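Peer 1:
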Amino acid sequence: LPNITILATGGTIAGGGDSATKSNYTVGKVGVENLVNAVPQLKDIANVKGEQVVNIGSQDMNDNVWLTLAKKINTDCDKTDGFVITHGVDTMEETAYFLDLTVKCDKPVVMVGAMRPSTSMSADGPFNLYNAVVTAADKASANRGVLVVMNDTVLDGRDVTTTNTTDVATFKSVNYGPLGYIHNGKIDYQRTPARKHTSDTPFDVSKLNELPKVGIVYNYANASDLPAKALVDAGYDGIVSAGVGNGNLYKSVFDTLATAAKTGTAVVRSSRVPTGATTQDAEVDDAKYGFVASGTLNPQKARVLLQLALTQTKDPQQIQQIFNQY
Amino acid sequence: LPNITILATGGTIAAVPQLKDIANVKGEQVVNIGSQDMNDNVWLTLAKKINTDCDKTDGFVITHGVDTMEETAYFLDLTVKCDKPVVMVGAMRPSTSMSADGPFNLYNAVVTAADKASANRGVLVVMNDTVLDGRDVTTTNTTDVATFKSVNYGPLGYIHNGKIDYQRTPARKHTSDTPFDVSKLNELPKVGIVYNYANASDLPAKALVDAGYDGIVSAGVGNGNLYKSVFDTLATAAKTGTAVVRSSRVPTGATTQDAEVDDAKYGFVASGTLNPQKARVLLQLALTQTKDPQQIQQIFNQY
Amino acid sequence: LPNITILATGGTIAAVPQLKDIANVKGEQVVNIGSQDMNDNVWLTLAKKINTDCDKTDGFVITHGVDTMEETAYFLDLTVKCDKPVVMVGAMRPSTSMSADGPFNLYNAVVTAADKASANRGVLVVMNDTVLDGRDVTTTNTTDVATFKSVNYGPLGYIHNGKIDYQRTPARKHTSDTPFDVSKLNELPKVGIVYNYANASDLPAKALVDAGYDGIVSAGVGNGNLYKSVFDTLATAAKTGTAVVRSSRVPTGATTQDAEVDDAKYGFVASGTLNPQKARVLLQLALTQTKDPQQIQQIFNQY
Amino acid sequence: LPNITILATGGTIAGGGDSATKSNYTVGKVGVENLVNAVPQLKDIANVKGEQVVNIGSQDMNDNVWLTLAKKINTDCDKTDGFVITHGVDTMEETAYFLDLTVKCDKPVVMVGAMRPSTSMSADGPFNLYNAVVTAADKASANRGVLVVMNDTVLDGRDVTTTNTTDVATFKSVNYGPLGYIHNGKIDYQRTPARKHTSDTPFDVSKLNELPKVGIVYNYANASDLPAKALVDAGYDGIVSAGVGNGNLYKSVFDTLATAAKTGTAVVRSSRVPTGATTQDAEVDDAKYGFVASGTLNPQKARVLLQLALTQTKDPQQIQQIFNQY
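Chains A, B, B' and A' are the protein sequences, given in the same order. A prime marks a further copy of an entry chain.
Each residue of the first sequence is one higher than the one before, counting from 1 in PDB author numbering.
Count the second sequence with PDB author numbering and you get residues 1 to 14, 38 to 326, in order.
Count the third sequence with PDB author numbering and you get residues 1 to 14, 38 to 326, in order.
Each residue of the fourth sequence is one higher than the one before, counting from 1 in PDB author numbering.
#1: Against B':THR279, what residues of chain B qualify as contacts under a CB-to-CB distance less than 8 Å, listed in chain order?
#2: Could you please tell me which residues of the stretch 258 to 291 of chain B', in chain order, have their CB closer than 7 Å to any CB of chain B?
#3: Does the contact criterion of 3 or more C-beta pairs under 8 Å hold for the stretch 90 to 110 of chain B versus the stretch 61 to 69 of chain B?
#4: What in chain A is Cβ-close to A':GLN318, meaning under 8 Å?
#5: Any idea which residues DSSP pairs B':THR91 with across the strands?
#6: Report the option in A':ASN151, A':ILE216, A':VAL174, A':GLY180 whose CA atom is closest to the CA atom of A':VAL168.
#7: At what residue ranges does the stretch 204 to 283 of chain A' contain a whole run of the beta strand (DSSP E), taking only runs of 3 or more?
#8: What is the residue span of the beta strand (DSSP E) that B:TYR181 lies within?
#9: According to DSSP, simplified to helix, strand and coil, what is B:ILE13?
#10: Counting only Cβ-Cβ distances shorter than 8 Å, please list the residues of the stretch 175 to 208 of chain B' near chain B, keeping chain order.
#11: Note down, in chain order, each residue of its chain lying with its Cβ closer than 6 Å to the Cβ of B':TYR250, except the 5 sequence neighbours on either side.
#12: Less than 8 Å separating the beta-carbons of B:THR311 and B:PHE203?
#13: Strictly by DSSP, which residues pair up with B:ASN47?
#14: So, B:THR166 versus B:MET115, is the Cβ gap smaller than 8 Å?
#15: Quick check on this structure: which residue in B:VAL304, B:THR259, B:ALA309 has the alpha carbon closest to the alpha carbon of B:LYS288?
#16: Report the rounded CA-to-CA distance for B:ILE319 versus B:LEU306, giving the unit in angstroms.
#17: Please report how far the alpha carbon of B:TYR176 lies from the alpha carbon of B':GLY180, in whole angstroms.
#18: What does B:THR166 reach in chain A' if we use C-beta pairs closer than 9 Å?
#19: Looking at the unbroken beta strand (DSSP E) that takes in A:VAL160, where does it start and where does it end?
#20: Just how far apart, CA to CA, sit A':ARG272 and A':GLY245?
#21: On the CB-based measure, 16 or more other CB atoms within 10 Å of its CB, does A':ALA234 come out buried or exposed?
#22: Rounded to whole angstroms, what's the CA-CA distance from A:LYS172 to A':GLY31? Just pull it up for me.
#23: Is it right to say B':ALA277 is buried, meaning 16 or more other beta carbons lie within 10 angstroms of its own, or is it exposed?
#24: Assuming B':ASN3 and B':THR80 form a contact by the criterion Cβ under 8 Å, report the distance between their Cβ atoms to the nearest whole angstrom.
#25: Between A:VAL217 and A:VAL253, which are expected to be in contact by the criterion C-beta below 8 Å, what is the C-beta distance as a whole number of angstroms?
#26: Considering only their Cβ atoms, is the gap separating A:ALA140 from A:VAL84 smaller than 8 Å?
#27: Which stretch, first to last residue, makes up the alpha helix (DSSP H) that contains B':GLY125?
#28: Using the Cα positions of B:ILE73 and B:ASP138, report the straight-line distance between them to the nearest angstrom.
#29: Name the chain B' residues whose beta carbon is nearer than 8 Å to that of A:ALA123?
#30: Helix, strand or coil for B':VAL168? Go by DSSP, reduced to three states.
#31: Once DSSP output is grouped into helix, strand and coil, what is the label at B:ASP81?
#32: DSSP on B:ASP188, reduced to helix/strand/coil?
#33: So, for A:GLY185: in the same chain, excluding its five sequence neighbours on each side, which residues have a beta-carbon less than 6 Å away from its beta-carbon?
#34: Taking the alpha-carbon positions, what's the A':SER206 to A':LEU297 distance?
#35: Tell me which residue opens and which closes the beta strand (DSSP E) that A:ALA140 is part of.
#36: Do the CB positions of B':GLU210 and B':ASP60 come within less than 8 Å of each other?
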């Protein structure tokens with residue numbers, strides 16, 4: 001049986017409320033030990049080692065937790081046969097992407113969470129964590145880059161997102177689909193992400209103690225420029241626009257982002273729109289303004305790629321080619 | 001044959040000879056913007072031009088860019104007092120394109136503006152052979168012609184062969200059943216939207232608090248949750264006399280109460296199924312009436 | 001606290040102490056089959072046991088296998104004359120499984136059977152935190168817990184924290200608004216379903232015509248279309264005195280009239296949004312009343 | 001510019017009604033020439049050659065049309081740089097699969113159709129056919145097996161199905177997702193089907209003038225055994241069950257299929273259910289009855305695989321291993 005290391009970070013899978021019925025819960029109160037002992041059947045498929053790295057809600061996920069996970073997975077690679085990372089639902093898609101571009105362990109790296117707290121009736125966390133371990137233990141999971149395993153389904157870190165606020169089935173690769181389905185502890189793998197991941201990326205976080213500063217700004221009718229401006233006045237290395245439709249920007253937001261791209265801030269056009277690419281060649285001259293199209297990356301994911309891009313180049317056209325390959 | 005007025009706003013759709044088959048088709052250009060530049064002033068014009076010109080026509084069609092169609096449909100849904108069909112339409116493909124979608128969309132928007140059954144269902148969006156309510160409807164894909172969907176409660180009816188089988192009607196109060204009277208107003212309260220993600224900056228939310236914004240809507244993570252910095256700045260703003268509504272960047276499901284955020288403790292308002300841009304619509308109009316978190320939340324539970 | 005009766009039928013769900044929090048929970052085993060063996064007789068029992076025991080309780084919950092839940096919900100939807108909540112529930116995972124779905128499903132089915140707002144919405148299916156109408160609801164995935172969806176018109180409301188925000192109600196006539204009275208009947212007309220695909224055999228459709236089947240439903244291709252052999256055999260059957268309803272194997276959208284099939288020329292009935300198994304439900308009950316293609320089609324347009 | 005051969009078979013893209021508005025149309029009336037000249041912009045991306053192979057509605061698709069297409073594509077492979085196949089919507093998913101297992105031309109083979117007739121307002125066929133040609137002309141489309149190109153989206157022949165009866169967006173790979181998206185005549189390919197296709201399959205139709213006889217039977221409440229029986233009395237080589245839920249069968253259907261599997265008929269359990277696998281190890285003992293699980297193949301697609309399986313073996317366990325690899 002293979003050696004599997006769980007790195008716990010908290011989330012709802014390690015979450016707790018005074019009632020199994022009521023929807024009221026808090027997170028950061030429940031240790032990995034508890035999670036493992038709530039899933040006894042684990043000892044049938046793996047030798048499980050729990051380390052707590054942090055205990056937080058993922059709404060509170062941040063750069064320094066990201067650096068710590070990659071360095072740790074990179075460091076501990078050859079002392080285990082795979083990792084599961086227990087994590088909150090809320091920014092799971094952001095952390096899966098970041099580790100997808102930064103881990104050089106091509107052994108299975110599998111994120112799992114849960115939507116209902118550990119205390120609640122028909123809690124999803126147990127079967128979810130079991131299925132994370134199957135996937136982390138399956139030799140076929142290797143070289144697929146970093147994975148999210150939720151609701152019997154193996155999702156790639158790049159395309160996976162949360163679709164619903166409350167649904168146990170919220171996790172979906174809404175653009176290119178899942179990689180495989182888990183039935184009875186086996187997986188029929190039918191897809192692997194083509195975009196470059198893990199040991200095929202030039203991104204090395206082994207020495208960074210910081211990440212470039214990149215903010216997200218939202219677009220809508222009568223959008224204030226004050227958020228765009230506040231980020232510029234702080235001298236931000238990059239900004240991502242959550243554009244409307246095909247990555248389009250309200251007049252006021254557009255002019256402030258035009259200016260900043262010329263004083264050398266990286267500006268990436270993404271979209272608030274849940275599926276589909278922010279394309280080049282539509283209503284925006286990218287090459288004129290020194291803007292980069294996000295493609296299928298939603299704003300929070302374009303942030304991750306851009307922070308990582310900014311550590312190699314501040315050049316608009318090389319940052320475009322990074323958003324075309326990763 | 002019905003008298004249907006087309007209000008043009010611009011967008012990806014701006038000649039369909041078969042309209043004469045179904046209606047007397049009179050048409051006025053209100054403005055000609057891309058809908059990414061849609062603003063409160065266009066909104067107040069549309070609200071008034073429809074409230075005034077209601078007795079004059081049997082129904083309305085509003086050609087609109089696709090980008091902010093869901094913000095304008097819901098605004099008109101809460102401000103319009105005409106319970107004759109009001110139908111918004113756009114197109115994903117240009118009029119100069121192979122298989123442009125715009126022609127059939129306009130046709131089916133006029134079928135829908137002319138159907139007596141379409142009355143009293145609130146402001147509607149007709150795209151891709153589908154009648155959608157102005158509240159739940161949003162754009163799900165950056166380029167697909169089938170982008171427009173009621174992703175929480177689903178569509179009101181399908182249009183086939185210029186006929187509608189209507190199996191649903193929105194329960195949330197719309198049009199003449201709302202206290203939002205916009206006929207005297209020449210500006211709406213200033214409402215911002217801020218985005219949550221990992222290591223979220225508090226500078227967007229601070230900038231808005233510094234301008235004396237009436238309202239701020241959080242595009243939270245998951246179930247409306249806030250990064251700590253933003254939670255700190257907004258917790259402060261909710262008693263500065265800035266109204267704070269928690270919504271989600273997640274494109275379906277409700278931002279609920281009774282989760283991880285004690286809303287009464289901060290004077291925060293859960294948006295329900297209102298995504299952020301839609302939440303700003305209701306939050307703006309709520310603030311023409313009250314700044315009471317308790318009473319703002321009562322309006323999020325009724326419209 | 002409401003008096004809620006649970007009718008057990010078997011399935012993947014057949038001890039939730041928190042039920043006492045919300046209702047007086049009395050429970051009777053009507054039958055214990057897997058729902059793949061669901062039949063007309065179970066259906067007539069359920070219809071009668073609910074029509075009789077209506078005055079006796081404040082609402083109903085029916086534990087059912089997931090496989091044929093959408094056929095039984097729609098049958099009960101057209102036959103039940105109790106306009107008190109009737110709520111069907113099952114589970115995708117066994118009760119002996121990690122994270123079994125069944126416990127919370129039953130809980131939320133009793134929340135829904137006990138909500139006064141749930142009255143007069145027809146027979147409901149409550150799965151995965153969601154209230155779905157018996158007509159539009161179907162299973163979309165062989166193993167996912169989120170399988171049950173109203174794929175054409177969407178759900179009636181979401182259940183959160185034992186509360187329902189109901190934003191929709193089915194317009195198609197249900198329960199006491201239908202002429203289907205099943206209280207005297209001990210069998211339903213024999214209706215078959217045949218499948219269309221490439222090089223489709225006419226032998227299924229022929230076998231059914233040879234038994235003197237009252238009705239045959241085509242799982243057509245695309246918009247209800249038929250392979251030539253099946254079209255020939257069914258064109259014949261529609262004037263043999265076998266009623267023929269065109270539905271689709273395609274899991275969403277309506278089988279429309281005015282497409283490629285002249286329905287009046289053959290005496291065929293377009294199913295609308297009724298998938299084949301649901302179409303058999305309505306076709307069976309239509310034939311307790313008429314064999315008139317014109318009048319059968321009128322019932323497909325109303326229920 | 002590359003040499004692209006269109007093989008026309010009819011369908012709605014070659015369909016016609018007396019009114020652009022009304023939904024009334026017939027098919028089999030309009031020639032390939034017409035379709036090409038309605039898309040002038042084609043000459044910008046390819047040298048287009050039209051051959052009419054048949055003019056029928058795809059509701060009328062059959063074995064002999066299937067054999068003719070494969071033999072033809074196989075034969076004419078090295079006399080062109082790619083094929084588009086214009087086809088009806090209704091059984092497009094059945095023909096795409098069949099050619100996916102039978103063409104040994106690893107040059108792009110791309111099926112296209114349309115939902116609105118050629119005569120109708122905002123007809124989809126023109127842009128659809130243009131996008132079929134982009135895809136057929138794109139070197140990256142080679143070795144992806146046979147494709148369906150519909151509504152700006154490149155779908156694999158194995159997983160692609162029609163989801164809606166009337167919607168221009170009906171074509172979807174509802175299980176594993178699309179392969180790529182088409183914007184402005186370019187494709188970002190992010191996936192390739194893992195299941196074995198084209199020149200990796202043992203299936204050779206180069207000499208067959210017939211295909212084994214395989215029927216589909218539907219399951220539902222109070223399901224008649226008479227359709228199952230009629231297929232047996234005709235001595236059918238195989239039967240596919242459109243089961244309920246996880247590929248389950250009503251009592252009466254089950255017993256007749258149990259009998260036939262023992263007199264040597266191949267019986268495959270599929271599902272009427274639109275997405276998800278008919279799994280082994282659920283409520284049915286497959287190995288006991290000599291039944292094969294379909295996996296993700298819907299009934300019409302399991303038919304295609306089974307007809308092709310029956311031409312190599314009548315053995316239940318080898319037919320299972322074929323449904324596990326193809």
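Cβ coordinates follow ideal geometry from the N, Cα and C atoms, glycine included.
Peer 2: Concretely, from the data shown:
#1: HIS183, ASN184
#2: Of all residues in the stretch 258 to 291 of chain B', only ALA277, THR279, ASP281 place a beta-carbon less than 7 Å from a beta-carbon of chain B.
#3: yes
#4: None at all; the shortest Cβ gap to chain A is about 18 Å.
#5: DSSP output for B':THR91 lists no bridge partner at all.
#6: A':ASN151
#7: 214 to 218, 238 to 243, 266 to 271
#8: 180 to 183
#9: coil
#10: When C-beta distances to chain B are compared with 8 Å, the residues of the stretch 175 to 208 of chain B' below that value are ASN175, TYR176, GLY177, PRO178, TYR181, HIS183, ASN184, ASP188, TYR189, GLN190, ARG191, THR192, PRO193, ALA194, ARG195, in chain order.
#11: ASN219, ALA223
#12: yes
#13: B:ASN3
#14: yes
#15: B:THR259
#16: Taking the straight line joining both Cα atoms gives about 7 Å.
#17: 8 Å
#18: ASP152, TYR181, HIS183
#19: 160 to 162
#20: 8 Å
#21: exposed
#22: Rounded to the nearest angstrom, the two C-alpha atoms are 42 Å apart.
#23: buried
#24: Confirmed, about 5 Å.
#25: Yes, A:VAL217 and A:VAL253 are in contact; Cβ-Cβ is about 6 Å, under 8 Å.
#26: no
#27: 125 to 137
#28: 18 Å
#29: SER122
#30: Looking at B':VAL168 - three-state DSSP - the assignment turns out to be coil, as it is neither helix nor strand.
#31: coil
#32: The answer is strand: DSSP assigns B:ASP188 an E or B state.
#33: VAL134
#34: 25 Å
#35: From DSSP, A:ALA140 is part of no beta strand (DSSP E); its letter is neither H nor E.
#36: Contact: no.
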